[PDB]
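Engineer: There's a structure below that I have some questions on.
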Amino acid sequence: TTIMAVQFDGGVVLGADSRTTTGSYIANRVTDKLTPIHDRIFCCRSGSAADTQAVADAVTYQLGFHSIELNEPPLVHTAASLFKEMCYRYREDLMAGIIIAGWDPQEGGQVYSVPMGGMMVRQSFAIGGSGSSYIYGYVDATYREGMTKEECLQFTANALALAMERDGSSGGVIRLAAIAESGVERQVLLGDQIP
Amino acid sequence: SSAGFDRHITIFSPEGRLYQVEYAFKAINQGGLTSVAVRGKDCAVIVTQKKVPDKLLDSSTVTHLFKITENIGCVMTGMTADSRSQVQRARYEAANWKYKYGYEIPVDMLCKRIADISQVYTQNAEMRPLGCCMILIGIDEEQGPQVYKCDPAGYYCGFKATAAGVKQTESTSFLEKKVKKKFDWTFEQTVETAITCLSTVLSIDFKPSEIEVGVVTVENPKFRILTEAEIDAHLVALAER
Amino acid sequence: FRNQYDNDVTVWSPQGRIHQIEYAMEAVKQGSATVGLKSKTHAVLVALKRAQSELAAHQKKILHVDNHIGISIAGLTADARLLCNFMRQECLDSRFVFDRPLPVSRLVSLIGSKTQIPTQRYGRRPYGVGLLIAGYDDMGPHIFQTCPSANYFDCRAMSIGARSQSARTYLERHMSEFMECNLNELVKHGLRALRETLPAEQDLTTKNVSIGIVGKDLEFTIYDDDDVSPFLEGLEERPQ
Amino acid sequence: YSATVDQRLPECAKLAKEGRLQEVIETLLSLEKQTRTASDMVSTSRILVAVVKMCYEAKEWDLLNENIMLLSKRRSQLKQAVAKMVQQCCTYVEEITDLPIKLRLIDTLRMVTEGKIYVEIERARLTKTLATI
Amino acid sequence: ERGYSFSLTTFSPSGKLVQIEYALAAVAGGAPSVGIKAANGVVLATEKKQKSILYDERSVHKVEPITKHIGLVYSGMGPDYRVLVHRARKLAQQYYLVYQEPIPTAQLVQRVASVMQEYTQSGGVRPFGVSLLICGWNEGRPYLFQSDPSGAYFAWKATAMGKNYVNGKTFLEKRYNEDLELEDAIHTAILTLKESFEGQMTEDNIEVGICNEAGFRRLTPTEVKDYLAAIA
Amino acid sequence: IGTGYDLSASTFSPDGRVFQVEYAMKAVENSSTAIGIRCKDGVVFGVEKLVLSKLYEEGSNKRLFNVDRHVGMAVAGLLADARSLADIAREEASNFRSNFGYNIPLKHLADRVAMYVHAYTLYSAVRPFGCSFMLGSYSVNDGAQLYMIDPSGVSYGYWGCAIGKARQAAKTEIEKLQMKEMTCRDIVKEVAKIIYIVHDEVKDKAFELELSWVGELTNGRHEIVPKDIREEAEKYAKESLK
């Protein structure tokens with residue numbers, strides 16, 4: 001798969017492909033690899049869909065508990081900590097990599113990557129999945145600083161489309177989500193919308 | 001005729017009475033405050049007396065009503081420590097419910113679950129039965145707003161309106177006098193009726209800064225805690241009218 | 001009976017006490033007196049060994065736990081022995097995992113935590129033993145007095161046991177000299193404090209006293225009748 | 001409070017000579033609301049006697065009816081001031097000798113008294129006025 | 001006799017456990033409930049009257065179903081009734097899982113009696129202050145049982161427990177006939193409730209439920225009002 | 001008085017009040033006096049520690065702890081109770097940091113420690129922790145927070161409050177000080193004078209004041225008062241008492 005997230009001044013933009021296969025047969029072409037964890041914290045899953053969904057539900061419950069306990073929207077670092085702990089506790093039997101994007105009033109837009117084995121780390125742009133090995137050169141050639149919303153959209157569009165056309169494990173449609181102070185906006189690219 | 005039986009919770013008195021439960025109910029009124037909830041066609045308003053010993057006390061932390069979940073609000077009285085332990089337990093129960101069943105807790109279900117917890121608490125001799133009385137409010141589809149009351153005995157009930165505290169009897173009588181008129185109770189009307197009941201049961205004509213209000217409506221499913229501006233507007237509008 | 005409030009550590013007094021705790025505090029008084037002193041570079045524990053009969057050896061009151069930390073007991077043999085065994089195991093584990101001697105402050109805090117559980121929870125009796133801990137750490141010598149109330153104090157010197165008030169006021173009187181003594185003068189001061197505890201008819205003989213000394217380069221070693229003998233040669237005569 | 005009414009009474013009467021019921025009644029009502037919130041003793045009586053007096057002087061009654069309705073339907077009225085204003089009504093209900101407005105006035109005085117109070121006996125007096133009729 | 005009315009694990013020198021008797025006394029103080037085994041089915045009724053009309057009568061129910069063909073009512077405590085409902089439902093569906101067959105009402109009564117008697121085994125756990133009336137229909141025969149806090153369970157052609165249970169029992173003796181039909185059984189039950197209702201039963205003031213070959217179901221306030229008008 | 005009901009912590013009264021917690025209150029006001037004030041940019045704590053015997057070394061029985069780096073810990077009541085409660089608070093804070101990867105807000109830590117202290121108020125096999133303690137913290141993105149938490153189990157926020165045998169006396173004169181503006185520097189003098197006037201000299205003399213604080217003055221790190229500030233505070237207290 002292909003999950004790409006990057007922050008910009010005012011929020012974060014995160015997109016993913018929609019291919020889920022069991023063998024060479026495409027099990028489902030309309031998968032949402034982006035599972036909304038909180039109102040302004042979003043997740044991107046890679047690997048075995050069952051493990052990703054299970055850990056997504058578990059972290060959703062834990063973070064809902066934490067938020068209602070603090071009566072204040074959780075920090076992205078906190079969420080990333082739970083993802084790290086859960087992934088490490090089951091890494092011997094977990095096939096699941098998670099990219100956590102979000103916005104909080106404490107700092108702004110935050111993106112934390114947790115690849116296989118549980119690297120809870122932070123960076124500007126994070127690309128994960130089986131398709132992360134095809135646009136690495138392309139994203140390194142196309143990445144700049146100071147994105148706007150429109151530029152973020154185009155970056156996601158072309159990068160994920162190149163991963164789409166070059167990798168056989170990314171297909172279907174493109175799912176995009178932008179988190180900011182205003183809120184979260186979700187869009188789906190299908191057909192002529194993709195480049 | 002039954003003297004030693006008012007010692008242990010798990011001990012039945014002659015005539016089948018559990019004196020420890022009744023003592024817990026009396027302990028609810030040890031706080032000395034008063035809460036009351038009123039439900040309209042599509043709104044539910046809870047209002048609680050605020051008692052500030054000193055300006056030294058931080059008014060943001062001395063609240064007597066809390067929020068269990070984003071759409072389910074709780075207002076309660078009794079022992080403050082028991083109150084906070086009970087709200088923590090209720091939040092745990094609601095979150096676990098959502099985790100295991102994938103959708104929000106209805107007010108009645110949360111009340112029933114915590115009532116079962118309290119019943120198990122009062123059935124075994126290992127527990128002091130959490131002497132605090134809670135009222136949950138929230139919106140459920142196909143049934144509108146819901147107000148439910150739970151007591152240390154494990155008895156939960158839905159209410160068109162309810163009250164608790166030292167002045168529970170008189171507040172309930174006033175609420176009965178109000179409900180026998182069978183009026184639709186729009187949101188402002190619900191709030192002003194509850195405020196009038198509290199004022200007449202305290203006979204203090206409180207200042208705006210001594211009360212807390214929470215409201216849940218279908219158009220505002222989030223359990224909103226009324227800030228000073230809204231409560232002041234409501235009470236002055238009532239006062240002029 | 002208006003004294004039904006002292007049968008367990010889980011009931012508060014009407015005026016706000018745990019009379020079982022005070023009873024445990026009084027319990028250690030039945031034990032023999034024992035005084036701990038510390039120099040600039042050395043720490044000494046001087047205990048009055050008490051024998052059940054003169055046809056038998058005297059009861060030991062200076063337990064060694066680590067080469068840098070020694071302890072002295074006053075009270076129940078059972079509670080003191082359990083505490084000492086737990087000390088030995090804790091020091092063993094600390095050396096096994098960290099390869100550094102147990103800090104005295106952390107050791108004493110772990111004592112407080114361990115003996116607090118019987119005070120708080122129903123079941124095991126409160127540890128009714130007053131312990132004098134003479135340890136060495138980065139800040140030099142340390143003297144700790146742990147009371148059966150799961151409390152501990154940092155004291156310049158300490159006399160705990162039978163008739164300890166005499167030695168307490170003796171050390172209060174000699175406050176002004178303690179910090180500048182070497183081994184001989186402070187050992188004599190502790191011996192004189194014990195003599196203050198002891199009544200006139202009895203003297204601090206070879207079989208009567210037990211001394212444990214620890215320091216920076218000298219391990220905590222406890223002396224016996226033949227070994228204590230030099231340290232009692234410098235002792236003076238009872239001012240009677 | 002009392003200073004406000006004692007400095008307002010001359011100008012209030014001078015304005016009352018112009019009739020202009022609206023602004024005077026809204027101002028007096030606002031002052032009554034604020035003094036009832038503040039729970040004043042003499043200001044309430046002064047305001048009520050003033051409004052009843054001007055209503056009598058302007059030869060209209062429905063305004064005083066509305067005043068009694070609003071004061072009765074509003075809470076926090078001191079007993080002494082209410083007693084004084086019904087006393088003034090009682091000395092302002094008998095001396096009128098016009099049949100329709102007298103019957104109307106006694107009708108209102110009867111129906112504004114659900115929840116009889118200490119000053120009931122004073123209304124008893126005006127009931128005997130209805131006796132005459 | 002006082003020194004033995006304090007524990008559930010001590011025999012009084014003359015008779016038996018006194019805490020069990022006290023639990024039964026608590027049961028007798030509950031809202032009156034009436035069960036009737038008709039020829040074609042079973043009907044159980046109870047009173048839901050409570051002051052403070054603010055109370056939502058539809059919020060809680062004194063009559064609940066355990067499976068598609070078994071229901072129950074209680075007399076005594078409320079929370080204990082709910083706990084018994086939960087235990088009965090869980091146990092019935094466990095039996096269903098093991099056997100893939102709707103639960104015979106007799107077995108459900110036996111096992112729920114066992115689970116309530118379990119709470120009477122040792123001290124520190126009080127017995128349930130609730131008596132159960134279990135109605136069911138199985139193998140062409142309506143079954144009505146009573147389960148006790150002591151764990152005793154027995155059969156009942158028609159019984160009445162709770163407050164004023166003795167006079168209701170006498171009334172049932174007078175009016176009951178083995179050839180009774182379902183609707184007439186409901187009429188008799190509502191008449192029994194009226195005999196001690198004290199305050200003009202309404203559609204929601206009483207909660208009734210009927211079980212037959214079409215399973216068990218609690219009657220809605222509409223049919224309750226209709227039957228009340230028919231009895232008048 | 002509740003005889004026959006105050007023998008356990010799980011038995012209510014005919015009036016409906018647990019007397020174990022009330023005797024815990026009694027023990028609390030029969031203990032040392034500690035006053036903590038949350039300044040504009042952090043919190044400070046001060047403890048009145050009686051020197052029972054001059055044989056006691058200074059710094060013995062430390063009462064101003066730190067549960068976390070940015071979280072202080074003051075306490076009055078029972079020293080063993082204080083140490084056990086501090087240990088459990090440190091364990092909770094460490095668990096929070098390990099599980100969540102960041103610092104614990106003082107409101108959350110106060111609620112957790114209040115629920116823990118309540119868990120012993122109500123069981124019969126255990127007894128309530130009869131000690132009342134100050135939680136304090138300063139975070140650059142949260143603010144400055146202070147909390148009284150008592151054996152009953154309720155945690156309440158106080159700008160600056162004192163507990164001990166002279167709670168009423170401390171409340172009498174702590175109110176006159178306007179707080180919400182000045183910082184620890186201007187509050188240390190008030191703490192010193194209030195503790196030197198609230199201590200009784202004719203009876204229960206021989207006390208010492210120990211101070212500590214957390215805030216940006218130490219980059220949000222809890223640490224005891226430096227000797228110079230403490231001695232300046234003592235001099236100000238001695239001058240102000242005439």
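Ligands are numbered from 1 in the order shown, chains are lettered A, B, ... in the order of the structure tokens, and residues start at 1 in each chain.
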Could you give me, as a ChimeraX atom specification, the residues within 12 Å of residue 42 in chain D, counting only C-alpha atoms and dropping anything in the same chain fewer than 5 positions from it?

Structural biologist: /D:1-6,32,35-36,47-49,77-85

Engineer: Taking the DSSP assignment computed from this structure's backbone, write out as a PyMOL selection string all residues of range 39-97 of chain A that belong to strand (DSSP E).

Structural biologist: chain A and resi 41-47+96-97

Engineer: Could you list, as a short mmCIF file (atom, residue, chain, number, x, y, z; two decimals) with C-alpha atoms, in the first residue's frame, every residue within 12 Å of residue 202 in chain B, counting only C-alpha atoms and ignoring same-chain residues fewer than 3 positions away?

Structural biologist:
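Saved to result_13.cif:
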```
data_model
loop_
_atom_site.label_atom_id
_atom_site.label_comp_id
_atom_site.auth_asym_id
_atom_site.auth_seq_id
_atom_site.Cartn_x
_atom_site.Cartn_y
_atom_site.Cartn_z
CA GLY B 32 -25.83 19.99 51.44
CA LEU B 33 -26.10 21.07 47.79
CA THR B 34 -29.02 20.54 45.42
CA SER B 35 -29.38 19.41 41.81
CA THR B 48 -26.81 22.47 40.39
CA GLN B 49 -26.18 24.82 43.28
CA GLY B 165 -29.98 16.93 47.52
CA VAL B 166 -31.10 18.05 50.95
CA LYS B 167 -34.12 19.79 49.40
CA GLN B 168 -35.08 16.80 47.25
CA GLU B 170 -39.68 20.08 48.21
CA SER B 171 -38.02 20.28 44.80
CA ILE B 195 -34.17 27.81 38.01
CA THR B 196 -37.47 28.84 39.61
CA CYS B 197 -37.68 25.51 41.42
CA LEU B 198 -34.16 25.88 42.79
CA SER B 199 -34.76 29.49 43.85
CA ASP B 205 -32.78 34.39 44.80
CA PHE B 206 -29.19 33.47 44.06
#
```

Engineer: Specify as a CSV table (one decimal) with N, CA and C atoms, in the first residue's frame all residues of chain E found within 6 Å of chain B, counting only C-alpha atoms.

Structural biologist:
```
chain,number,residue,atom,x,y,z
E,22,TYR,N,-35.7,-13.7,56.6
E,22,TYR,CA,-35.8,-12.3,56.5
E,22,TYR,C,-35.8,-11.9,55.0
E,23,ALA,N,-35.1,-12.6,54.1
E,23,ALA,CA,-35.1,-12.3,52.7
E,23,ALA,C,-36.5,-12.5,52.2
E,25,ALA,N,-39.2,-12.3,53.9
E,25,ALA,CA,-40.0,-11.2,54.4
E,25,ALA,C,-39.9,-9.9,53.6
E,26,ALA,N,-38.6,-9.6,53.1
E,26,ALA,CA,-38.4,-8.5,52.2
E,26,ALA,C,-39.1,-8.8,50.9
E,54,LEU,N,-43.5,12.4,37.5
E,54,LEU,CA,-42.3,12.6,36.8
E,54,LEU,C,-41.6,11.3,36.4
E,55,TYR,N,-41.8,10.3,37.2
E,55,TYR,CA,-41.2,9.0,36.8
E,55,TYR,C,-41.7,8.5,35.5
E,56,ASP,N,-40.8,8.1,34.6
E,56,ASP,CA,-41.1,7.6,33.3
E,56,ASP,C,-41.5,6.1,33.5
E,59,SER,N,-39.8,3.6,31.2
E,59,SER,CA,-38.3,3.5,31.3
E,59,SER,C,-37.9,2.1,31.8
E,79,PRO,N,-33.1,-4.0,41.8
E,79,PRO,CA,-31.8,-4.3,41.3
E,79,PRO,C,-31.5,-5.8,41.3
E,124,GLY,N,-21.2,-13.0,54.0
E,124,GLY,CA,-20.6,-11.9,53.3
E,124,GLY,C,-21.4,-11.5,52.0
E,125,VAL,N,-22.3,-12.4,51.5
E,125,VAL,CA,-23.1,-12.2,50.4
E,125,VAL,C,-24.5,-12.4,50.8
E,126,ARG,N,-25.4,-11.4,50.7
E,126,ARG,CA,-26.7,-11.6,51.1
E,126,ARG,C,-27.5,-12.3,50.1
```

Engineer: Give me the residues near range 8-11 of chain D as a PDB file with N, CA and C atoms, in the first residue's frame, where near means some atom within 12 Å (using only C-alpha atoms) and where sequence neighbours in that chain fewer than 4 positions away do not count.

Structural biologist:
```pdb
ATOM      1  N   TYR D   1     -30.930  54.999  45.572  1.00  0.00           N
ATOM      2  CA  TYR D   1     -32.215  54.323  45.450  1.00  0.00           C
ATOM      3  C   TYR D   1     -33.345  55.250  45.879  1.00  0.00           C
ATOM      4  N   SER D   2     -33.453  55.489  47.190  1.00  0.00           N
ATOM      5  CA  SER D   2     -34.402  56.484  47.678  1.00  0.00           C
ATOM      6  C   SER D   2     -34.053  57.874  47.164  1.00  0.00           C
ATOM      7  N   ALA D   3     -32.758  58.168  47.028  1.00  0.00           N
ATOM      8  CA  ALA D   3     -32.345  59.426  46.420  1.00  0.00           C
ATOM      9  C   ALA D   3     -32.871  59.539  44.998  1.00  0.00           C
ATOM     10  N   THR D   4     -32.797  58.446  44.233  1.00  0.00           N
ATOM     11  CA  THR D   4     -33.253  58.472  42.847  1.00  0.00           C
ATOM     12  C   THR D   4     -34.729  58.833  42.759  1.00  0.00           C
ATOM     13  N   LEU D  15     -43.508  65.556  33.784  1.00  0.00           N
ATOM     14  CA  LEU D  15     -43.695  64.802  32.551  1.00  0.00           C
ATOM     15  C   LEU D  15     -45.092  64.194  32.490  1.00  0.00           C
ATOM     16  N   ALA D  16     -45.613  63.739  33.635  1.00  0.00           N
ATOM     17  CA  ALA D  16     -46.951  63.161  33.677  1.00  0.00           C
ATOM     18  C   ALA D  16     -48.008  64.161  33.244  1.00  0.00           C
ATOM     19  N   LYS D  17     -47.774  65.447  33.502  1.00  0.00           N
ATOM     20  CA  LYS D  17     -48.704  66.462  33.015  1.00  0.00           C
ATOM     21  C   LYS D  17     -48.778  66.501  31.490  1.00  0.00           C
ATOM     22  N   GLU D  18     -47.797  65.925  30.795  1.00  0.00           N
ATOM     23  CA  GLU D  18     -47.848  65.781  29.344  1.00  0.00           C
ATOM     24  C   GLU D  18     -48.535  64.493  28.903  1.00  0.00           C
ATOM     25  N   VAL D  24     -42.765  56.938  30.397  1.00  0.00           N
ATOM     26  CA  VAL D  24     -42.826  56.983  31.854  1.00  0.00           C
ATOM     27  C   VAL D  24     -43.104  55.595  32.421  1.00  0.00           C
ATOM     28  N   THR D  27     -39.973  53.399  32.032  1.00  0.00           N
ATOM     29  CA  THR D  27     -38.937  53.798  32.980  1.00  0.00           C
ATOM     30  C   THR D  27     -39.292  53.370  34.399  1.00  0.00           C
ATOM     31  N   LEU D  28     -40.540  53.602  34.812  1.00  0.00           N
ATOM     32  CA  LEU D  28     -40.959  53.210  36.153  1.00  0.00           C
ATOM     33  C   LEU D  28     -40.900  51.700  36.327  1.00  0.00           C
ATOM     34  N   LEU D  31     -37.254  50.739  36.797  1.00  0.00           N
ATOM     35  CA  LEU D  31     -36.828  51.084  38.149  1.00  0.00           C
ATOM     36  C   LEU D  31     -37.410  50.110  39.166  1.00  0.00           C
ATOM     37  N   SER D  43     -38.494  52.255  48.202  1.00  0.00           N
ATOM     38  CA  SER D  43     -38.528  52.554  46.774  1.00  0.00           C
ATOM     39  C   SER D  43     -39.691  51.852  46.089  1.00  0.00           C
ATOM     40  N   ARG D  46     -42.854  53.756  46.918  1.00  0.00           N
ATOM     41  CA  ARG D  46     -42.881  55.028  46.206  1.00  0.00           C
ATOM     42  C   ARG D  46     -43.223  54.822  44.738  1.00  0.00           C
ATOM     43  N   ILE D  47     -42.616  53.817  44.105  1.00  0.00           N
ATOM     44  CA  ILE D  47     -42.863  53.566  42.688  1.00  0.00           C
ATOM     45  C   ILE D  47     -44.317  53.171  42.461  1.00  0.00           C
ATOM     46  N   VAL D  49     -47.044  53.699  44.414  1.00  0.00           N
ATOM     47  CA  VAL D  49     -47.969  54.796  44.667  1.00  0.00           C
ATOM     48  C   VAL D  49     -47.864  55.833  43.561  1.00  0.00           C
ATOM     49  N   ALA D  50     -46.654  56.052  43.035  1.00  0.00           N
ATOM     50  CA  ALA D  50     -46.485  57.015  41.959  1.00  0.00           C
ATOM     51  C   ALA D  50     -47.229  56.571  40.710  1.00  0.00           C
ATOM     52  N   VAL D  51     -47.059  55.307  40.312  1.00  0.00           N
ATOM     53  CA  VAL D  51     -47.682  54.849  39.075  1.00  0.00           C
ATOM     54  C   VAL D  51     -49.198  54.836  39.214  1.00  0.00           C
ATOM     55  N   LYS D  53     -50.911  56.779  41.160  1.00  0.00           N
ATOM     56  CA  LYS D  53     -51.326  58.175  41.198  1.00  0.00           C
ATOM     57  C   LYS D  53     -51.410  58.765  39.797  1.00  0.00           C
ATOM     58  N   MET D  54     -50.371  58.568  38.981  1.00  0.00           N
ATOM     59  CA  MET D  54     -50.405  59.138  37.637  1.00  0.00           C
ATOM     60  C   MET D  54     -51.485  58.476  36.794  1.00  0.00           C
TER      61      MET D  54
END
```

Engineer: Determine which residues of range 83-146 of chain C receive a DSSP assignment of helix (DSSP H, G or I), computed from the backbone, and state them as a PyMOL selection string.

Structural biologist: chain C and resi 83-98+104-120

Engineer: If we count only C-alpha atoms and set the cut-off at 12 Å, which residues sit around residue 174 in chain F, ignoring sequence neighbours fewer than 6 positions away in its own chain? Please answer as a ChimeraX atom specification.

Structural biologist: /B:54-56 /F:35-37,158-163,166-168,187,190-195,197-198

Engineer: Could you give me, as JSON, numbers by chain, the residues within 12 Å of residue 100 in chain C, counting only C-alpha atoms and dropping anything in the same chain fewer than 3 positions from it?

Structural biologist: {"C": [66, 67, 68, 91, 92, 93, 94, 95, 96, 97, 103, 104, 137]}

Engineer: How about saving the chosen residues, C-alpha atoms kept, as a PDB file, in the first residue's frame?

Structural biologist:
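Writing the result to out-v3.pdb gives the following:
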```pdb
ATOM      1  CA  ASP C  66      26.357  -4.445  54.066  1.00  0.00           C
ATOM      2  CA  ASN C  67      30.027  -3.538  54.193  1.00  0.00           C
ATOM      3  CA  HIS C  68      28.985   0.129  54.255  1.00  0.00           C
ATOM      4  CA  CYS C  91      21.560  -5.389  49.338  1.00  0.00           C
ATOM      5  CA  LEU C  92      22.306  -8.653  47.529  1.00  0.00           C
ATOM      6  CA  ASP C  93      19.965  -7.749  44.670  1.00  0.00           C
ATOM      7  CA  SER C  94      21.277  -4.178  44.510  1.00  0.00           C
ATOM      8  CA  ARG C  95      24.875  -5.370  44.229  1.00  0.00           C
ATOM      9  CA  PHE C  96      23.803  -7.966  41.659  1.00  0.00           C
ATOM     10  CA  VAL C  97      22.009  -5.498  39.401  1.00  0.00           C
ATOM     11  CA  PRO C 103      22.351   4.338  49.212  1.00  0.00           C
ATOM     12  CA  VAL C 104      21.416   4.887  52.840  1.00  0.00           C
ATOM     13  CA  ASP C 137      27.443   7.420  51.377  1.00  0.00           C
TER      14      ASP C 137
END
```

Engineer: What is the CA of residue 61 in chain E-CA of residue 33 in chain E distance in Å, reported with one decimal?

Structural biologist: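 Taking CA of residue 61 in chain E and CA of residue 33 in chain E, their separation equals 13.0 Å.
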
Engineer: Can you pull out every residue within 9 Å of residue 220 in chain E, counting only C-alpha atoms, but drop anything in the same chain fewer than 3 positions away, and send it as a PyMOL selection string?

Structural biologist: chain E and resi 203-204+207-209+217+223-225

Engineer: As an exercise, work out the distance from CA of residue 164 in chain C to CA of residue 238 in chain C in Å and give it to one decimal place.

Structural biologist: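 One can read the CA of residue 164 in chain C to CA of residue 238 in chain C distance as 17.5 Å.
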
Engineer: If you measure from CA of residue 207 in chain F to CA of residue 49 in chain F, what distance in Å do you get, rounded to one decimal?

Structural biologist: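 Those two atoms sit 5.4 Å apart.
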
Engineer: Quick one: which chain B residues come within 9 Å of chain D, and what is the nearest atom pair for each with the distance in Å to one decimal, counting only C-alpha atoms, rows ordered by chain and ascending number, as CSV?

Structural biologist:
```
residue,atom,partner,partner_atom,distance
B:205,CA,D:37,CA,8.7
B:239,CA,D:74,CA,7.8
B:240,CA,D:33,CA,6.7
B:241,CA,D:74,CA,6.8
```

Engineer: How would the residues just chosen look if you wrote them out with N, CA, C and O atoms as a PDB file, in the first residue's frame?

Structural biologist:
```pdb
ATOM      1  N   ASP B 205     -32.890  33.561  46.000  1.00  0.00           N
ATOM      2  CA  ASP B 205     -32.779  34.387  44.801  1.00  0.00           C
ATOM      3  C   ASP B 205     -31.308  34.613  44.459  1.00  0.00           C
ATOM      4  O   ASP B 205     -30.794  35.732  44.469  1.00  0.00           O
ATOM      5  N   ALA B 239     -36.285  36.785  35.419  1.00  0.00           N
ATOM      6  CA  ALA B 239     -36.554  37.765  36.465  1.00  0.00           C
ATOM      7  C   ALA B 239     -37.455  38.883  35.965  1.00  0.00           C
ATOM      8  O   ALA B 239     -38.385  39.300  36.665  1.00  0.00           O
ATOM      9  N   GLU B 240     -37.196  39.390  34.758  1.00  0.00           N
ATOM     10  CA  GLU B 240     -38.054  40.442  34.223  1.00  0.00           C
ATOM     11  C   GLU B 240     -39.450  39.909  33.930  1.00  0.00           C
ATOM     12  O   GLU B 240     -40.447  40.610  34.140  1.00  0.00           O
ATOM     13  N   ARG B 241     -39.544  38.673  33.450  1.00  0.00           N
ATOM     14  CA  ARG B 241     -40.838  38.051  33.202  1.00  0.00           C
ATOM     15  C   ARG B 241     -41.389  37.426  34.478  1.00  0.00           C
ATOM     16  O   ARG B 241     -40.893  37.688  35.573  1.00  0.00           O
TER      17      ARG B 241
END
```
